[PDB]
Amino acid sequence: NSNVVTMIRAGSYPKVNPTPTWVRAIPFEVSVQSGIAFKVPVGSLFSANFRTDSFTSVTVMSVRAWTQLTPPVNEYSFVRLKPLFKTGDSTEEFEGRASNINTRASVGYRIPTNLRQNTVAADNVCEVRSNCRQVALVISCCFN
Amino acid sequence: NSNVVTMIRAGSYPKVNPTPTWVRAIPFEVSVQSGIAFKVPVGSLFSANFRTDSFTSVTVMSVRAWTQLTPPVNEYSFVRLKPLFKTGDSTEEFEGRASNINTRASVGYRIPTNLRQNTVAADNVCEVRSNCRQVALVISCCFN
Amino acid sequence: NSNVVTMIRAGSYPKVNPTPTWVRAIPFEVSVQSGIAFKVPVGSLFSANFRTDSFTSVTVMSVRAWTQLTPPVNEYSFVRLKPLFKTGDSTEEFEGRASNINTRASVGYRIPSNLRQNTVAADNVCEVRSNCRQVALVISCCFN
Amino acid sequence: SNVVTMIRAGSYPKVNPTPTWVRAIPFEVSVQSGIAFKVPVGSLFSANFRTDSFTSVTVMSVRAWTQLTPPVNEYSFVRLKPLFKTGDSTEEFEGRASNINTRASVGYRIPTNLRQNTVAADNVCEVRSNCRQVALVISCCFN
Amino acid sequence: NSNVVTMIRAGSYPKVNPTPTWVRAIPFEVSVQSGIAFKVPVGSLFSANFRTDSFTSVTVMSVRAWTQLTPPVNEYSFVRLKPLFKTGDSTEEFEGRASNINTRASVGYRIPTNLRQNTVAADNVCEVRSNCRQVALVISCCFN
Amino acid sequence: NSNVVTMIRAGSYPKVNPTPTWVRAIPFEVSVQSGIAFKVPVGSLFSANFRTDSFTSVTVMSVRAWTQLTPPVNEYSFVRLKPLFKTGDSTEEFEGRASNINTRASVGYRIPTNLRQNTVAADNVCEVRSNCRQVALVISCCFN
Amino acid sequence: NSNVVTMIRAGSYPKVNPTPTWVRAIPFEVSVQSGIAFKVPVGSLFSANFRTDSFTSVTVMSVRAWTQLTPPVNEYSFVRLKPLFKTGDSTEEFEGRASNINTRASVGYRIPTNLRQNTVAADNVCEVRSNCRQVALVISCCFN
Amino acid sequence: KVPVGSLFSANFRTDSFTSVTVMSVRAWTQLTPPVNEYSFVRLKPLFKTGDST
RNA sequence: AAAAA
RNA sequence: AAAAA
RNA sequence: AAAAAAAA
RNA sequence: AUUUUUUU
RNA sequence: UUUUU
RNA sequence: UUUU
RNA sequence: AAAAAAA
RNA sequence: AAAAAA
RNA sequence: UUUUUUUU
RNA sequence: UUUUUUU
RNA sequence: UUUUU
RNA sequence: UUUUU
Ligand SMILES: [Cl-]
Ligand SMILES: [Cl-]
Ligand SMILES: [Cl-]
Ligand SMILES: [Mg+2]
Ligand SMILES: [Mg+2]
Ligand SMILES: [Mg+2]
Numbered sequence: 016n017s018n019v020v021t022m023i024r025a026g027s028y029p030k031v032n033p034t035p036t037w038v039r040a041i042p043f044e045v046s047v048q049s050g051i052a053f054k055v056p057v058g059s060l061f062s063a064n065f066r067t068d069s070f071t072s073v074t075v076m077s078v079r080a081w082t083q084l085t086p087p088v089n090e091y092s093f094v095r096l097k098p099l100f101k102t103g104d105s106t107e108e109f110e111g112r113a114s115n116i117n118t119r120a121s122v123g124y125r126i127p128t129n130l131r132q133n134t135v136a137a138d139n140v141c142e143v144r145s146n147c148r149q150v151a152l153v154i155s156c157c158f159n
Numbered sequence: 016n017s018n019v020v021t022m023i024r025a026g027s028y029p030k031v032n033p034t035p036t037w038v039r040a041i042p043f044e045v046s047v048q049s050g051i052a053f054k055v056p057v058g059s060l061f062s063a064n065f066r067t068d069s070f071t072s073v074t075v076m077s078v079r080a081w082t083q084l085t086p087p088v089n090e091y092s093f094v095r096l097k098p099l100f101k102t103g104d105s106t107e108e109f110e111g112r113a114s115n116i117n118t119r120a121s122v123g124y125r126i127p128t129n130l131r132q133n134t135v136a137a138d139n140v141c142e143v144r145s146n147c148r149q150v151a152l153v154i155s156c157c158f159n
Numbered sequence: 016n017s018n019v020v021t022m023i024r025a026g027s028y029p030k031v032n033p034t035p036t037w038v039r040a041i042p043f044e045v046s047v048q049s050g051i052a053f054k055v056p057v058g059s060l061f062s063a064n065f066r067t068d069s070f071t072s073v074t075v076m077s078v079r080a081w082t083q084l085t086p087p088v089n090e091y092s093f094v095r096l097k098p099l100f101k102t103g104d105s106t107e108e109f110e111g112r113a114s115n116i117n118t119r120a121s122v123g124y125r126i127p128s129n130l131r132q133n134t135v136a137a138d139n140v141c142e143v144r145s146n147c148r149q150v151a152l153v154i155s156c157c158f159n
Numbered sequence: 017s018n019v020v021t022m023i024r025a026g027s028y029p030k031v032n033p034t035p036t037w038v039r040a041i042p043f044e045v046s047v048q049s050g051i052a053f054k055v056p057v058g059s060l061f062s063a064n065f066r067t068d069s070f071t072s073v074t075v076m077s078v079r080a081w082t083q084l085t086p087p088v089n090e091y092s093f094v095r096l097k098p099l100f101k102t103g104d105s106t107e108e109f110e111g112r113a114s115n116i117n118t119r120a121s122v123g124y125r126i127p128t129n130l131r132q133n134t135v136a137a138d139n140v141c142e143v144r145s146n147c148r149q150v151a152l153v154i155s156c157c158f159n
Numbered sequence: 016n017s018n019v020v021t022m023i024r025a026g027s028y029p030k031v032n033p034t035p036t037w038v039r040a041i042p043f044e045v046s047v048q049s050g051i052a053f054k055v056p057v058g059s060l061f062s063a064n065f066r067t068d069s070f071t072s073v074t075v076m077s078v079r080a081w082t083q084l085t086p087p088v089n090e091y092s093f094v095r096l097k098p099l100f101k102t103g104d105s106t107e108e109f110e111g112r113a114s115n116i117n118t119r120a121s122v123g124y125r126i127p128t129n130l131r132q133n134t135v136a137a138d139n140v141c142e143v144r145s146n147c148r149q150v151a152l153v154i155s156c157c158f159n
Numbered sequence: 016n017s018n019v020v021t022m023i024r025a026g027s028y029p030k031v032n033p034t035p036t037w038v039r040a041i042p043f044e045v046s047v048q049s050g051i052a053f054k055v056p057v058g059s060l061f062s063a064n065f066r067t068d069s070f071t072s073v074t075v076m077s078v079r080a081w082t083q084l085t086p087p088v089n090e091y092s093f094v095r096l097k098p099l100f101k102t103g104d105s106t107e108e109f110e111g112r113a114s115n116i117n118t119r120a121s122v123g124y125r126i127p128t129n130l131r132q133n134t135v136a137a138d139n140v141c142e143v144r145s146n147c148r149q150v151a152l153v154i155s156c157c158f159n
Numbered sequence: 016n017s018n019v020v021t022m023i024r025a026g027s028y029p030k031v032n033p034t035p036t037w038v039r040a041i042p043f044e045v046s047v048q049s050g051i052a053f054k055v056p057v058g059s060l061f062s063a064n065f066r067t068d069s070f071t072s073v074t075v076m077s078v079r080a081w082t083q084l085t086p087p088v089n090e091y092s093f094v095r096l097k098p099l100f101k102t103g104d105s106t107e108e109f110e111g112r113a114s115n116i117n118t119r120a121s122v123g124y125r126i127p128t129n130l131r132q133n134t135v136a137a138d139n140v141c142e143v144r145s146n147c148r149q150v151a152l153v154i155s156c157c158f159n
Numbered sequence: 054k055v056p057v058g059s060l061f062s063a064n065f066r067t068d069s070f071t072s073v074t075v076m077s078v079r080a081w082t083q084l085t086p087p088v089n090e091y092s093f094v095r096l097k098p099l100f101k102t103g104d105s106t
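Protein chains in written order, with the authors' numbering: chain GG, 16 to 159; chain HH, 16 to 159; chain G, 16 to 159; chain II, 17 to 159; chain D, 16 to 159; chain E, 16 to 159; chain F, 16 to 159; chain H, 54 to 106.
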């Protein structure tokens, strides 16, 4: 291979874009309370802690969830997801339970292509229900 | 296969080196505080406990971590890693969380070929962040 | 190839060993007197000059010898080796002579697998006989 | 059909009333914190293993497993340092558990050149651990 | 092959048996009287002289008998075997005679799979008849 | 073929050894008593009767035994062998008997490679038991 | 292979020989004077220094020679070999000269099969002529 | 210690270069050794990120 | 899908 | 798979 | 062959 | 195809 | 070839 | 089979 | 026709 | 070759 | 792919 | 008949 | 899929 | 399946 710099015969000025797009999976936690649904805000996806504070819209592709803390005594962990959309909220409750009390509960849902539009900070991704006090979210989305 | 000593028709004196190189991965532990990142010194790789007290430089290739103690109550173990380089520190935070509260949390990162230079004891390998008070590291490196 | 750091999906904590083994070819010299057999000590292999000051035993596999100085006047260089073992010394005298007064003499022997046990510093490897006053030894062994 | 038959035996054969025996011997040893315990070979010769008639043995491999729980907040670990009469080793083959409730395991194989006999007074390996009763399984050849 | 010790990546604790079975060929001699059949006790198999004093039961597979001393004057050696069982003794007399007066007489019998149960020291294997004062026995059996 | 002397275009002085090894099969006899075991000394291998008084050590590979004299009256010849090793003696009593009173008894054993080390005159190779007063031994060994 | 002793089902007593033959290559030196031919005695082959003091005859096959010391000033080394036989000496002078003043001069000759009879110590192998004061000889022979 | 500046000289047509990427080094003994000795030579790689041993 | 490893 | 030119 | 890091 | 029986 | 299962 |  | 082999 | 999903 | 190896 | 490094 | 060719 | 070959 090359051990020194080499010359590039660059031609015309190309098409450029100083602010491109970025497909990412954003790991962040949300605080969930017993017998209560938490509307996950899209604004949690725009932050300097994920390098996405320069974005104002994002296209969510798939959401996954894991329980972040231990379940109540004598109970196993569970976590539910209800997809939310501006054109109409869903009533599905994708539930995933843990078969071991010491192990996390996990579940996720994929957003179809016909429902993959941009979402701003004031929007919400989904509702979360769990017997645990905190839920770890990993959202695969496209920032633009 | 032979049962007796046999002669070796040796020739000219060969090329020798009394202090060769060594490809190792060093297991050693560090103490971590809550909400604080601990810088892993390179001088931990040089010790008589690893037969590496004769070296002064080392070329690190990959680092991996495990939580050495139990996490706080109601928490799952996690561990983060931020690679550091003398030419420029990274801002990455490769995190690994445990799905079982009784299980370690593991994560690692690989150093590319273009960044595999030597490091002396005063240098640092990476920062570590974890809710556990100790972390076990296995640093695959090349002592020279 | 790659140009930046990449995450490693590490798993369970592996089997580690801080003090491993090491197959080495150790070069060192011995001062020999004319007509007198010099017993080469095993303690000469364990030295910080060879990065082997952390070992206490070694499994010798093959021994090779070269005359380090010029022979007496009107003579050619020669060097002999008699293998020694804690279970019974041998009487072989593997000799190598030089066909040139300016050139080194060389000879070597291989220890059979059945006789490849450990040796501590207080032991001896073999006896050397030569008309030259110094002999260079290159010993292929396995430190443990 | 399902009844006895006769064997047309020939000359008297070569016999050996006390032959060899390749075995895997499970036993446990008590270990202290921060102290290395020397495992005696004499623990392999016992009526609990049908080996009280043997006086020597050729060891091939050693494997260890912690038998009791580690200290609080700690994970289990176990180290093995091979020992030989021709020269002790300095390796510390260590194995740790990724779960506090799970044993820590590690082992080492003896090469086909250091496989000589060892009597009861001989030692096989040093053991370090944070648990108090690590268990051992040793594959060896009694003779 | 390897000249040093290697690491064994052991896993979970296996299944163990400190007291295993043993298929053996037990050689022992019994004294026989003229015109009198001798019941071979099974307890002859359990002995420290066979490394079998730790067993209390054995499954006999076959029995082979050789004459151990010389026959009377002018006669050739012979030996008979009558298998004995707890469910029902046999009346077979497997006889082997010697064609040379100076040569042992040999005979044996095999126990079928349907008759291969355990026996204790109080039981008897077979009856031995011979014109020689002593008979050697090599019993192939499974200790358990 | 050639019928006269032929010139040899010799080159450099080669590697030499005036005292090499020797793979041999050494026969001798030992006097044995009744019921008592006789430890066979290794020093019997080093004698001018076998061209071996120049060796001090030897690597034994296999031992075989025969009964050298006639057995007691009415008995058949037998001979046992128990291997001895400096690291640890064996308890195996390899035994072979004679099916003819006028015929010798024979038995032997082979030493594994891992147990093939050197033995000096002060060492013992095996024990011998027989009902005959003398035993003939043939030992395959590698003198060094 | 095997890790323990195994039984050898030996048969009848074989054919043995305590003092076998030995095909050897014997190295030794002889002093030679300038202009004088030195007869090499066969008795030099029989020595304890070669493990051959138990032989009284030998069948010589081939003889090679090397100059053991440096030649006179300005001269190159040479060495001549005139074969000798009890039935009749030869007049050949197999000579080899060195193309470097610092290197040895080598030559040799092979004895045909028809001339490979035994030779006792009182006989002579060949005459040697050289300008150096010592000559090294390697004799491939068959001691019997 | 072999200086890198020895590589920049008009005797090598290289006095216009201020930097250089070294790939391999080879050495030979230029003068005769002391009496009764054989020549030897050792090389110890040095780097700005860390000296070898 | 004979024994032990 | 072992030796001794 | 070689303990260590990896790996359908 | 390591050991102990059975094995042409 | 020579010496060894 | 002997040679360089 | 310039760096490390050319089998 | 990155980041993500299969 | 780092250190020792095996018939010019 | 191996190939890899700037005109 | 964007970027850089 | 033993016997006898
Ligand atoms: Cl260094
Ligand atoms: Cl040296
Ligand atoms: Cl030969
Ligand atoms: Mg030369
Ligand atoms: Mg335990
Ligand atoms: Mg020189």
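We put the beta carbon where it would ideally sit given N, CA and C, even for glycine.
Contact with chain F by residue i, beta-carbon distance below 8 Å
i         : result
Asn115(E) : no
Pick from the options that is closest to residue i, judged by C-alpha positions
i         : options                                        : result
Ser92(GG) : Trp81(GG), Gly123(GG) and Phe100(GG)           : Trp81(GG)
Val75(II) : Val88(II), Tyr124(II), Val45(II) and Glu90(II) : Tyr124(II)
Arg112(F) : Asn16(F), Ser59(F), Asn146(F) and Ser155(F)    : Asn146(F)
C-beta contact flag for residue i and residue j at 8 Å
i         : j         : result
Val153(E) : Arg79(E)  : yes
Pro29(II) : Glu108(E) : no
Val140(E) : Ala120(E) : no
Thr106(H) : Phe65(HH) : no
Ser92(G)  : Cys147(G) : yes
Under 9 Å from the C-beta of residue i: neighbouring residues of chain H
i        : result
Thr67(G) : Near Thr67(G) there are no residues of chain H at all, since even the closest Cβ is about 14 Å away, more than 9 Å.
Neighbour list for residue i in chain II, Cβ cutoff strictly below 7 Å
i         : result
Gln48(HH) : Near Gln48(HH) there are no residues of chain II at all, since even the closest Cβ is about 15 Å away, more than 7 Å.
Minimum Cβ-Cβ distance from residue i to chain D less than 8 Å
i        : result
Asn89(E) : yes
Minimum Cβ-Cβ distance from residue i to chain E less than 8 Å
i         : result
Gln132(D) : no
Test: residue i CB closer than 8 Å to a CB of chain II
i        : result
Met76(D) : no
Residue(s) in a DSSP beta bridge with residue i
i         : result
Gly123(D) : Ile23(II) and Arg79(D)
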